[PDB]
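To start, the structure under review is shown below, and the notes come after it.
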Amino acid sequence: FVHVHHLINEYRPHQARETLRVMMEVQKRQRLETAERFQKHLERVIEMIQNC
Amino acid sequence: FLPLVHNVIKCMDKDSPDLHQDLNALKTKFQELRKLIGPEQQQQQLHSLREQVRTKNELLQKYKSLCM
Numbered sequence: 116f117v118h119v120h121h122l123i124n125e126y127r128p129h130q131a132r133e134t135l136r137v138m139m140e141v142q143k144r145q146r147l148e149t150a151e152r153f154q155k156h157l158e159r160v161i162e163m164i165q166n167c
Numbered sequence: 061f062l063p064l065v066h067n068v069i070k071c072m073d074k075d076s077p078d079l080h081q082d083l084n085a086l087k088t089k090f091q092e093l094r095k096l097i098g107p108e109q110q111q112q113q114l115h116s117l118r119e120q121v122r123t124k125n126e127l128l129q130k131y132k133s134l135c136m
């Protein structure tokens, strides 16, 4: 029981830090993808505007 | 309206010499032309339409320059 508690206490902080880093990376990737999509949409809008 | 003038001229020339009396034909032709033909209101409407078309063209050209 003592060894199990020690292993749980040792594995909790590293797992939490890894999850936080993965969440930050996912948020950064989603923000970059949204920015690229908005840029492409604005380009298509300018193209459609200059079309007429 | 050349028809009325022509009818008057024919009636004056054929007053004593009534060989061919086209008075009835002329009157019927004048009535038919008046029925078929049918103020400055039209000019004002045309001016308003021209101004509106110019405004629409200016508005359409206002959106020419567009980068993003």
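From first to last, the protein sequence lines stand for chains A and B.
Here the first sequence is numbered in UniProt numbering, starting from 116 and rising by one per residue.
Under UniProt numbering, the residues of the second sequence are numbered 61 to 98, 107 to 136, in order.
For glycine and all other residues, C-beta sits at the position ideal for the given N, C-alpha and C.
Which of helix, strand or coil DSSP assigns to residue i
{"i": "B/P63", "result": "helix"}
{"i": "B/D73", "result": "helix"}
{"i": "B/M136", "result": "coil"}
{"i": "A/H118", "result": "helix"}
{"i": "B/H80", "result": "coil"}
{"i": "B/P107", "result": "coil"}
{"i": "A/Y126", "result": "helix"}
Contact check, residue i vs residue j, beta carbons under 7 Å
{"i": "B/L83", "j": "B/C71", "result": "yes"}
{"i": "A/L157", "j": "B/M136", "result": "yes"}
{"i": "B/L128", "j": "A/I164", "result": "no"}
Own chain, CB closer than 8 Å to residue i, minus 5 neighbours either side, in chain order
{"i": "B/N67", "result": "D82, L83, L86, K87 and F90"}
Own chain residues within Cβ distance below 7 Å of residue i, not counting five before or after
{"i": "B/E92", "result": "none"}
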